Amino acid sequence: XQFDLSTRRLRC
Amino acid sequence: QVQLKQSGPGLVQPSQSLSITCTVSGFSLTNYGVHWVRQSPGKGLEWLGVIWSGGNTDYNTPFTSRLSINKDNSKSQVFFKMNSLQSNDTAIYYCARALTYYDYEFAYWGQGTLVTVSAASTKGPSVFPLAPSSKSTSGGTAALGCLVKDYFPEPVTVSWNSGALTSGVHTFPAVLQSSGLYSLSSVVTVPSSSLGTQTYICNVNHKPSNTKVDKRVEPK
Amino acid sequence: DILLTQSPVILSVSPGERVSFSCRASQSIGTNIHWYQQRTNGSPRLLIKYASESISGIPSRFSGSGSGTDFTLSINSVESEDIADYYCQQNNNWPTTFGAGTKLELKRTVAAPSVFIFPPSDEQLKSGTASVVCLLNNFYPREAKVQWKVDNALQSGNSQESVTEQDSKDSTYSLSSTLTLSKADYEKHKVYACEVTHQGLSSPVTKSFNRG
Ligand SMILES: *[C@@H]1O[C@H](CO)[C@@H](O)[C@H](O)[C@H]1NC(C)=O
């Protein structure tokens, strides 16, 4: 998965 | 209580250096070591290093050559500095404290500092109102918001009525436009009957460019 | 370094149900593992230390177990507030390392979106750019279609979508679709329409306005 710097959440 | 407050987010040019200050309270730097952890889209959570209560430092091996951590015990501040930044160094940087003085279980964290490494320039956002109307009012519920457009880099904080209005608020994740600048909307749903008596203001703060804007949103 | 593998990547459950997170190590690390939670726009929050030891301020529904190379974080009854990512960390070997994380999604009943449309502000038009915003509020599930039509002409490529993370209270999503066009083009057209398709809608919902 890729970490999102904007939401501080994982984006799959 | 125990708190770790970090310095604000900002832009760093390629091959330049990054500086972050971690101010702590609720404990003494003479009693506890402070760790530094970063979180990037590519490598996720990554432990960088630590400055111990005695003054000794340990750096993760791939960072030993370009990392330095210092502190001022009296001022309760810890200083993070990393040289020769490159694009994949774009990440959120945290300072943290463990439960015991020697361990690595991080019970307390700073709020994080989003550091963006790019060659571009910092630009403040323009803020435009998303006015409530009939086209946005159904069943006694009206929707309104703010368009936060054309800024760089992330992040931007949006609040409503100086923090007094939180329920019904949706601040959408920013999207990158073809220009290379970010844009987002923040919306909130409210009773339409309050539109005549209540003032609705979105508080926009783009820290990297020191741009603070309060936008009043009215029906048209 | 010690490689930590978290499985699976995504995890979707329903409220009240029990859920388990897996963290496997490349070699034995005893019980030297810690667990963290990351809510939207938050920093990590220490949930469990040393495989099973509990943490002050952390709800009783969080527990952990395992030793050697196979570890498990559990939530016996999931709440909507539990929507987050979950990371494991080892510290048996230097340097301490983290797993890649597991995303916890919650299921809920279908909710049709409320659809609102916002014409561009006169303030924005003073700049030479027009943004038309279409809001899809509080819906489940995430999948939705937004179609833009300007004077009955299908728009394509000139709009951008953004979806919020799942709401920690009611487990819904909200979506924004922003059609962007020049001030010149915006003034050369009249009807701007946003058509929404969703599972909770028995019929597509169209929100529109006439410029002026
Ligand atoms: C970025 O690129 C460097 C080489 O310049 C590579 O060693 C490293 O793995 C990358 N960093 C991250 C955190 O993605």
# chains A, B, ... in the order shown; residues from 1 in each chain; ligands from 1
>>> residues_around(residues="residue B:173", least_positions_apart="3", cutoff="9 Å", atoms="only C-alpha atoms", output="VMD selection string")
(chain A and resid 6 to 7) or (chain B and resid 183 to 185) or (chain C and resid 162 to 165)
>>> write_last_selection(atoms="C-alpha atoms", output="PDB file, in the first residue's frame")
ATOM      1  CA  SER A   6      -2.252  14.549   2.957  1.00  0.00           C
ATOM      2  CA  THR A   7      -4.589  12.364   5.024  1.00  0.00           C
TER       3      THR A   7
ATOM      4  CA  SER B 183      -6.572  22.838  -4.475  1.00  0.00           C
ATOM      5  CA  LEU B 184      -9.311  21.696  -2.100  1.00  0.00           C
ATOM      6  CA  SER B 185     -12.761  22.437  -0.743  1.00  0.00           C
TER       7      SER B 185
ATOM      8  CA  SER C 162     -11.617  14.098  -4.014  1.00  0.00           C
ATOM      9  CA  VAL C 163     -12.967  11.613  -1.488  1.00  0.00           C
ATOM     10  CA  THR C 164     -12.698  11.959   2.287  1.00  0.00           C
ATOM     11  CA  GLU C 165     -11.528   9.088   4.434  1.00  0.00           C
TER      12      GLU C 165
END
>>> residues_near_ligand(ligand="ligand 1", cutoff="7 Å", atoms="only C-alpha atoms and all ligand atoms", output="number ranges by chain")
B: 40, 42-43, 86, 88-89
>>> interface_residues(of="chain B", to="chain C", cutoff="8 Å", atoms="only C-alpha atoms", output="JSON, numbers by chain")
{"B": [44, 45, 46, 47, 60, 104, 105, 106, 107, 108, 109, 110, 111, 112, 128, 129, 130, 131, 132, 135, 136, 137, 143, 170, 171, 172, 173, 174, 175, 185]}
>>> write_last_selection(atoms="C-alpha atoms", output="PDB file, in the first residue's frame")
ATOM      1  CA  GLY B  44       6.437   4.040   5.334  1.00  0.00           C
ATOM      2  CA  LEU B  45       7.393   4.357   9.000  1.00  0.00           C
ATOM      3  CA  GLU B  46      11.157   4.688   9.385  1.00  0.00           C
ATOM      4  CA  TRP B  47      13.173   5.175  12.580  1.00  0.00           C
ATOM      5  CA  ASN B  60      20.151   4.642  11.640  1.00  0.00           C
ATOM      6  CA  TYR B 104      11.725   2.191  22.140  1.00  0.00           C
ATOM      7  CA  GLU B 105       7.971   1.849  22.637  1.00  0.00           C
ATOM      8  CA  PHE B 106       6.782   5.301  21.577  1.00  0.00           C
ATOM      9  CA  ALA B 107       3.952   6.360  23.884  1.00  0.00           C
ATOM     10  CA  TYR B 108       4.113  10.080  23.056  1.00  0.00           C
ATOM     11  CA  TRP B 109       4.355  11.671  19.611  1.00  0.00           C
ATOM     12  CA  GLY B 110       4.733  15.132  18.139  1.00  0.00           C
ATOM     13  CA  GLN B 111       2.040  16.314  15.729  1.00  0.00           C
ATOM     14  CA  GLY B 112       4.371  15.639  12.798  1.00  0.00           C
ATOM     15  CA  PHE B 128     -13.301  31.708  -2.430  1.00  0.00           C
ATOM     16  CA  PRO B 129     -16.728  31.195  -0.842  1.00  0.00           C
ATOM     17  CA  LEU B 130     -19.026  28.301  -1.672  1.00  0.00           C
ATOM     18  CA  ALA B 131     -22.255  30.178  -1.050  1.00  0.00           C
ATOM     19  CA  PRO B 132     -25.354  28.380   0.242  1.00  0.00           C
ATOM     20  CA  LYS B 135     -29.209  24.848  -5.077  1.00  0.00           C
ATOM     21  CA  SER B 136     -27.685  23.641  -1.883  1.00  0.00           C
ATOM     22  CA  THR B 137     -30.559  23.480   0.617  1.00  0.00           C
ATOM     23  CA  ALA B 143     -24.578  23.269   2.648  1.00  0.00           C
ATOM     24  CA  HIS B 170     -15.736  17.914   5.580  1.00  0.00           C
ATOM     25  CA  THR B 171     -12.302  19.132   4.536  1.00  0.00           C
ATOM     26  CA  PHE B 172     -11.463  17.246   1.358  1.00  0.00           C
ATOM     27  CA  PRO B 173      -7.952  15.901   0.687  1.00  0.00           C
ATOM     28  CA  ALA B 174      -6.033  18.221  -1.643  1.00  0.00           C
ATOM     29  CA  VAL B 175      -5.618  17.372  -5.322  1.00  0.00           C
ATOM     30  CA  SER B 185     -12.761  22.437  -0.743  1.00  0.00           C
TER      31      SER B 185
END
>>> select_by_dssp(residues="stretch 2-190 of chain C", states="strand (DSSP E or B)", output="number ranges by chain")
C: 4-7, 10-13, 19-25, 33-38, 45-49, 53-54, 62-67, 70-75, 85-90, 97-98, 102-106, 111, 114-118, 129-140, 145-150, 153-154, 159-163, 173-182
>>> write_last_selection(atoms="C-alpha atoms", output="tab-separated table (two decimals), in the first residue's frame")
chain	number	residue	atom	x	y	z
C	4	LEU	CA	7.96	-7.25	9.24
C	5	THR	CA	5.09	-8.40	7.04
C	6	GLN	CA	1.53	-7.34	7.83
C	7	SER	CA	-1.35	-9.30	6.35
C	10	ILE	CA	-6.92	-4.16	3.55
C	11	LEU	CA	-9.44	-5.43	6.11
C	12	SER	CA	-13.18	-4.76	5.88
C	13	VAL	CA	-15.54	-5.70	8.73
C	19	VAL	CA	-11.08	-8.62	14.01
C	20	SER	CA	-7.43	-9.77	14.00
C	21	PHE	CA	-4.30	-8.16	12.54
C	22	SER	CA	-1.30	-10.26	11.54
C	23	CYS	CA	2.35	-9.27	11.88
C	24	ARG	CA	4.99	-11.78	10.84
C	25	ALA	CA	8.75	-11.38	11.30
C	33	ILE	CA	6.73	-6.20	19.29
C	34	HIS	CA	4.62	-3.06	19.68
C	35	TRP	CA	1.37	-2.03	17.99
C	36	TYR	CA	0.21	1.42	16.87
C	37	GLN	CA	-2.93	3.08	15.54
C	38	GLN	CA	-3.08	5.90	13.00
C	45	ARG	CA	-0.94	5.95	18.95
C	46	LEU	CA	0.65	3.18	21.03
C	47	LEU	CA	-1.94	0.43	21.47
C	48	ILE	CA	-0.03	-2.57	22.83
C	49	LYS	CA	3.58	-2.98	23.97
C	53	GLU	CA	1.04	-5.79	27.63
C	54	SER	CA	-1.72	-3.18	27.83
C	62	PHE	CA	-7.66	-4.00	22.22
C	63	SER	CA	-5.47	-7.02	22.94
C	64	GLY	CA	-2.39	-8.72	21.54
C	65	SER	CA	-0.73	-12.14	21.49
C	66	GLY	CA	2.05	-14.13	19.87
C	67	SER	CA	5.72	-15.01	20.27
C	70	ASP	CA	3.77	-14.78	14.40
C	71	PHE	CA	1.90	-11.99	16.20
C	72	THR	CA	-1.74	-10.90	16.48
C	73	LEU	CA	-3.48	-7.63	17.34
C	74	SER	CA	-7.17	-8.10	18.11
C	75	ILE	CA	-10.28	-5.97	18.61
C	85	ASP	CA	-4.38	1.97	9.94
C	86	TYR	CA	-2.51	-0.41	12.24
C	87	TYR	CA	1.26	-0.87	12.40
C	88	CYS	CA	3.53	-3.31	14.20
C	89	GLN	CA	7.06	-2.53	15.35
C	90	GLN	CA	9.91	-4.80	16.41
C	97	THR	CA	11.64	-1.36	12.22
C	98	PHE	CA	7.95	-1.07	11.33
C	102	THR	CA	-3.12	-2.86	7.66
C	103	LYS	CA	-6.08	-0.64	6.71
C	104	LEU	CA	-9.29	-1.25	8.67
C	105	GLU	CA	-12.49	-0.36	6.84
C	106	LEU	CA	-16.00	-0.65	8.26
C	111	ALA	CA	-26.73	5.52	2.39
C	114	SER	CA	-27.13	14.30	-0.57
C	115	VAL	CA	-26.19	16.29	-3.65
C	116	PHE	CA	-25.42	20.01	-3.65
C	117	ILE	CA	-24.02	22.16	-6.46
C	118	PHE	CA	-22.07	25.42	-6.16
C	129	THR	CA	-11.05	31.04	-13.73
C	130	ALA	CA	-14.35	29.33	-12.92
C	131	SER	CA	-14.75	26.40	-10.53
C	132	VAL	CA	-18.07	24.59	-10.35
C	133	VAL	CA	-18.27	22.39	-7.27
C	134	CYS	CA	-20.51	19.35	-6.94
C	135	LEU	CA	-20.84	17.89	-3.45
C	136	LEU	CA	-21.93	14.34	-2.67
C	137	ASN	CA	-22.44	14.25	1.09
C	138	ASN	CA	-22.53	11.36	3.58
C	139	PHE	CA	-22.90	8.20	1.51
C	140	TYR	CA	-22.02	4.51	1.57
C	145	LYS	CA	-20.38	8.30	-10.59
C	146	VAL	CA	-20.37	12.01	-11.35
C	147	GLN	CA	-21.18	13.21	-14.85
C	148	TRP	CA	-20.75	16.83	-15.91
C	149	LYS	CA	-22.77	18.39	-18.72
C	150	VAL	CA	-22.49	21.97	-19.95
C	153	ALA	CA	-22.32	18.63	-23.82
C	154	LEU	CA	-20.57	15.83	-21.93
C	159	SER	CA	-12.93	17.91	-13.56
C	160	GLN	CA	-11.25	16.49	-10.47
C	161	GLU	CA	-12.61	14.35	-7.66
C	162	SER	CA	-11.62	14.10	-4.01
C	163	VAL	CA	-12.97	11.61	-1.49
C	173	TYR	CA	-17.92	9.07	2.75
C	174	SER	CA	-18.22	12.48	1.15
C	175	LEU	CA	-17.14	13.37	-2.37
C	176	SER	CA	-16.36	16.59	-4.18
C	177	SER	CA	-16.30	16.95	-7.95
C	178	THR	CA	-14.83	20.20	-9.24
C	179	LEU	CA	-15.32	21.23	-12.86
C	180	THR	CA	-12.74	23.85	-13.80
C	181	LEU	CA	-12.93	26.06	-16.90
C	182	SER	CA	-11.72	29.47	-18.09
>>> closest_atom_pairs(of="chain A", to="chain C", cutoff="8 Å", atoms="only C-alpha atoms", output="CSV")
residue,atom,partner,partner_atom,distance
A:1,CA,C:9,CA,6.9
A:6,CA,C:41,CA,7.6
A:7,CA,C:41,CA,5.1
A:8,CA,C:41,CA,5.0
A:9,CA,C:40,CA,5.9
A:10,CA,C:103,CA,6.5
A:12,CA,C:10,CA,7.6
>>> residues_around(residues="residue B:127", least_positions_apart="2", cutoff="12 Å", atoms="only C-alpha atoms", output="ChimeraX atom specification")
/B:124-125,129-130,145-151,156,158,183-186,201-206,211-217 /C:121,123-124,127
>>> write_last_selection(atoms="N, CA, C and O atoms", output="short mmCIF file (atom, residue, chain, number, x, y, z; two decimals), in the first residue's frame")
data_model
loop_
_atom_site.label_atom_id
_atom_site.label_comp_id
_atom_site.auth_asym_id
_atom_site.auth_seq_id
_atom_site.Cartn_x
_atom_site.Cartn_y
_atom_site.Cartn_z
N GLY B 124 0.92 30.95 -1.45
CA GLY B 124 -0.28 30.98 -0.64
C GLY B 124 -1.52 30.74 -1.48
O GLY B 124 -1.52 31.02 -2.68
N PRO B 125 -2.58 30.22 -0.85
CA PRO B 125 -3.85 29.94 -1.54
C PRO B 125 -4.74 31.17 -1.62
O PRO B 125 -4.64 32.06 -0.78
N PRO B 129 -15.59 31.75 -1.57
CA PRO B 129 -16.73 31.19 -0.84
C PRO B 129 -17.55 30.23 -1.69
O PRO B 129 -17.72 30.43 -2.89
N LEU B 130 -18.04 29.17 -1.05
CA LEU B 130 -19.03 28.30 -1.67
C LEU B 130 -20.36 28.64 -1.03
O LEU B 130 -20.74 28.07 -0.01
N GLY B 145 -19.41 26.14 2.01
CA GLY B 145 -18.01 25.85 2.20
C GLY B 145 -17.06 26.87 1.62
O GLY B 145 -17.47 27.96 1.22
N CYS B 146 -15.78 26.51 1.58
CA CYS B 146 -14.73 27.39 1.06
C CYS B 146 -13.86 26.67 0.04
O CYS B 146 -13.49 25.51 0.24
N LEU B 147 -13.54 27.36 -1.04
CA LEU B 147 -12.63 26.82 -2.04
C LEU B 147 -11.22 27.36 -1.80
O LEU B 147 -10.95 28.54 -2.01
N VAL B 148 -10.34 26.48 -1.34
CA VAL B 148 -8.95 26.84 -1.07
C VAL B 148 -8.09 26.45 -2.26
O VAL B 148 -7.74 25.28 -2.42
N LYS B 149 -7.74 27.42 -3.09
CA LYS B 149 -7.19 27.13 -4.41
C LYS B 149 -5.78 27.65 -4.67
O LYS B 149 -5.39 28.71 -4.18
N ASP B 150 -5.02 26.88 -5.44
CA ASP B 150 -3.72 27.29 -5.97
C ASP B 150 -2.65 27.59 -4.91
O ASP B 150 -2.10 28.69 -4.89
N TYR B 151 -2.35 26.61 -4.07
CA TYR B 151 -1.29 26.78 -3.08
C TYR B 151 -0.23 25.69 -3.20
O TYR B 151 -0.43 24.68 -3.87
N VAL B 156 -2.57 22.58 4.38
CA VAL B 156 -3.30 23.77 4.76
C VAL B 156 -4.36 23.37 5.79
O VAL B 156 -5.07 22.38 5.61
N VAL B 158 -7.82 24.02 7.76
CA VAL B 158 -9.08 24.74 7.65
C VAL B 158 -9.92 24.42 8.88
O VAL B 158 -10.12 23.26 9.22
N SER B 183 -5.28 22.19 -4.66
CA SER B 183 -6.57 22.84 -4.47
C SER B 183 -7.51 21.91 -3.71
O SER B 183 -7.49 20.70 -3.89
N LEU B 184 -8.33 22.49 -2.83
CA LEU B 184 -9.31 21.70 -2.10
C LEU B 184 -10.55 22.51 -1.74
O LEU B 184 -10.57 23.73 -1.86
N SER B 185 -11.58 21.80 -1.30
CA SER B 185 -12.76 22.44 -0.74
C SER B 185 -13.00 21.93 0.67
O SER B 185 -12.71 20.78 1.00
N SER B 186 -13.52 22.82 1.52
CA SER B 186 -13.95 22.44 2.85
C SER B 186 -15.41 22.82 2.92
O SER B 186 -15.76 23.96 2.65
N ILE B 201 -17.60 31.42 9.05
CA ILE B 201 -16.27 31.79 8.59
C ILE B 201 -15.35 30.57 8.57
O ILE B 201 -15.25 29.85 9.56
N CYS B 202 -14.70 30.34 7.44
CA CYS B 202 -13.68 29.31 7.39
C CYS B 202 -12.31 29.94 7.65
O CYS B 202 -11.96 30.96 7.06
N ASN B 203 -11.57 29.34 8.57
CA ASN B 203 -10.25 29.84 8.94
C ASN B 203 -9.18 29.06 8.22
O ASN B 203 -8.92 27.90 8.53
N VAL B 204 -8.56 29.70 7.23
CA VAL B 204 -7.54 29.07 6.42
C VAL B 204 -6.15 29.50 6.88
O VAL B 204 -5.86 30.69 7.01
N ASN B 205 -5.29 28.52 7.13
CA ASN B 205 -3.91 28.79 7.50
C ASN B 205 -2.95 27.94 6.69
O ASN B 205 -2.87 26.72 6.87
N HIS B 206 -2.22 28.57 5.77
CA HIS B 206 -1.18 27.89 5.02
C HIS B 206 0.17 28.26 5.62
O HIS B 206 0.80 29.25 5.21
N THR B 211 0.37 32.34 5.31
CA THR B 211 -0.85 32.95 4.80
C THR B 211 -2.05 32.53 5.64
O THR B 211 -2.46 31.37 5.62
N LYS B 212 -2.61 33.49 6.37
CA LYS B 212 -3.80 33.25 7.17
C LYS B 212 -4.96 34.07 6.62
O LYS B 212 -4.86 35.29 6.49
N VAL B 213 -6.05 33.40 6.29
CA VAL B 213 -7.21 34.07 5.73
C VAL B 213 -8.48 33.60 6.42
O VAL B 213 -8.71 32.40 6.57
N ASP B 214 -9.30 34.55 6.85
CA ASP B 214 -10.64 34.24 7.34
C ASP B 214 -11.65 34.65 6.28
O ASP B 214 -11.71 35.81 5.88
N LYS B 215 -12.42 33.68 5.80
CA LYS B 215 -13.39 33.93 4.75
C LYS B 215 -14.82 33.80 5.24
O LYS B 215 -15.24 32.72 5.66
N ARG B 216 -15.55 34.90 5.19
CA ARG B 216 -16.97 34.92 5.52
C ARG B 216 -17.76 34.36 4.34
O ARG B 216 -17.54 34.76 3.20
N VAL B 217 -18.67 33.43 4.62
CA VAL B 217 -19.48 32.82 3.57
C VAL B 217 -20.97 33.12 3.73
O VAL B 217 -21.60 32.64 4.67
N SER C 121 -17.94 31.59 -7.59
CA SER C 121 -18.14 32.88 -6.94
C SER C 121 -17.75 34.00 -7.88
O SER C 121 -16.90 33.82 -8.75
N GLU C 123 -16.17 36.44 -6.91
CA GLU C 123 -14.80 36.71 -6.47
C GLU C 123 -13.80 35.92 -7.30
O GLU C 123 -12.77 36.46 -7.73
N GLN C 124 -14.09 34.65 -7.54
CA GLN C 124 -13.19 33.81 -8.33
C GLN C 124 -13.18 34.24 -9.80
O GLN C 124 -12.14 34.19 -10.45
N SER C 127 -10.69 36.55 -11.38
CA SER C 127 -9.34 36.04 -11.60
C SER C 127 -9.17 35.46 -13.00
O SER C 127 -8.06 35.33 -13.50
#
>>> decode(residues="stretch 193-213 of chain B", atoms="N, CA and C atoms", output="PDB file, in the first residue's frame")
ATOM      1  N   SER B 193     -32.119  27.821   8.624  1.00  0.00           N
ATOM      2  CA  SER B 193     -32.710  28.883   9.436  1.00  0.00           C
ATOM      3  C   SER B 193     -31.653  29.700  10.178  1.00  0.00           C
ATOM      4  N   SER B 194     -30.452  29.149  10.297  1.00  0.00           N
ATOM      5  CA  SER B 194     -29.364  29.836  10.985  1.00  0.00           C
ATOM      6  C   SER B 194     -28.573  30.737  10.038  1.00  0.00           C
ATOM      7  N   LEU B 195     -28.865  30.643   8.744  1.00  0.00           N
ATOM      8  CA  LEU B 195     -28.143  31.413   7.737  1.00  0.00           C
ATOM      9  C   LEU B 195     -28.365  32.912   7.887  1.00  0.00           C
ATOM     10  N   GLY B 196     -29.486  33.285   8.492  1.00  0.00           N
ATOM     11  CA  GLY B 196     -29.814  34.685   8.676  1.00  0.00           C
ATOM     12  C   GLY B 196     -29.252  35.280   9.955  1.00  0.00           C
ATOM     13  N   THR B 197     -28.964  34.426  10.933  1.00  0.00           N
ATOM     14  CA  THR B 197     -28.539  34.899  12.248  1.00  0.00           C
ATOM     15  C   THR B 197     -27.096  34.534  12.606  1.00  0.00           C
ATOM     16  N   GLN B 198     -26.607  33.420  12.068  1.00  0.00           N
ATOM     17  CA  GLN B 198     -25.252  32.953  12.356  1.00  0.00           C
ATOM     18  C   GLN B 198     -24.262  33.364  11.272  1.00  0.00           C
ATOM     19  N   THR B 199     -23.057  33.743  11.686  1.00  0.00           N
ATOM     20  CA  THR B 199     -21.995  34.033  10.732  1.00  0.00           C
ATOM     21  C   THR B 199     -21.142  32.785  10.537  1.00  0.00           C
ATOM     22  N   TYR B 200     -20.826  32.469   9.287  1.00  0.00           N
ATOM     23  CA  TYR B 200     -20.000  31.302   9.006  1.00  0.00           C
ATOM     24  C   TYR B 200     -18.688  31.697   8.350  1.00  0.00           C
ATOM     25  N   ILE B 201     -17.596  31.416   9.051  1.00  0.00           N
ATOM     26  CA  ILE B 201     -16.270  31.786   8.589  1.00  0.00           C
ATOM     27  C   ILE B 201     -15.353  30.573   8.570  1.00  0.00           C
ATOM     28  N   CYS B 202     -14.702  30.339   7.437  1.00  0.00           N
ATOM     29  CA  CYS B 202     -13.676  29.313   7.387  1.00  0.00           C
ATOM     30  C   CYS B 202     -12.313  29.943   7.655  1.00  0.00           C
ATOM     31  N   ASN B 203     -11.568  29.341   8.575  1.00  0.00           N
ATOM     32  CA  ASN B 203     -10.255  29.841   8.942  1.00  0.00           C
ATOM     33  C   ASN B 203      -9.179  29.058   8.216  1.00  0.00           C
ATOM     34  N   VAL B 204      -8.562  29.702   7.231  1.00  0.00           N
ATOM     35  CA  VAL B 204      -7.535  29.070   6.421  1.00  0.00           C
ATOM     36  C   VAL B 204      -6.146  29.496   6.880  1.00  0.00           C
ATOM     37  N   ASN B 205      -5.286  28.517   7.127  1.00  0.00           N
ATOM     38  CA  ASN B 205      -3.908  28.791   7.503  1.00  0.00           C
ATOM     39  C   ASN B 205      -2.949  27.938   6.687  1.00  0.00           C
ATOM     40  N   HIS B 206      -2.225  28.572   5.772  1.00  0.00           N
ATOM     41  CA  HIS B 206      -1.177  27.891   5.022  1.00  0.00           C
ATOM     42  C   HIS B 206       0.172  28.265   5.618  1.00  0.00           C
ATOM     43  N   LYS B 207       0.606  27.481   6.599  1.00  0.00           N
ATOM     44  CA  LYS B 207       1.848  27.748   7.325  1.00  0.00           C
ATOM     45  C   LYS B 207       3.128  27.928   6.486  1.00  0.00           C
ATOM     46  N   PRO B 208       3.337  27.102   5.438  1.00  0.00           N
ATOM     47  CA  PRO B 208       4.572  27.278   4.659  1.00  0.00           C
ATOM     48  C   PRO B 208       4.747  28.674   4.051  1.00  0.00           C
ATOM     49  N   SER B 209       3.644  29.350   3.740  1.00  0.00           N
ATOM     50  CA  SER B 209       3.707  30.673   3.132  1.00  0.00           C
ATOM     51  C   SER B 209       3.266  31.760   4.102  1.00  0.00           C
ATOM     52  N   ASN B 210       3.020  31.364   5.349  1.00  0.00           N
ATOM     53  CA  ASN B 210       2.540  32.278   6.383  1.00  0.00           C
ATOM     54  C   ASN B 210       1.299  33.044   5.943  1.00  0.00           C
ATOM     55  N   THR B 211       0.373  32.336   5.307  1.00  0.00           N
ATOM     56  CA  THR B 211      -0.847  32.950   4.803  1.00  0.00           C
ATOM     57  C   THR B 211      -2.051  32.533   5.635  1.00  0.00           C
ATOM     58  N   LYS B 212      -2.607  33.488   6.371  1.00  0.00           N
ATOM     59  CA  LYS B 212      -3.801  33.249   7.168  1.00  0.00           C
ATOM     60  C   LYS B 212      -4.957  34.073   6.622  1.00  0.00           C
ATOM     61  N   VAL B 213      -6.051  33.399   6.287  1.00  0.00           N
ATOM     62  CA  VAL B 213      -7.213  34.065   5.725  1.00  0.00           C
ATOM     63  C   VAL B 213      -8.484  33.597   6.415  1.00  0.00           C
TER      64      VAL B 213
END
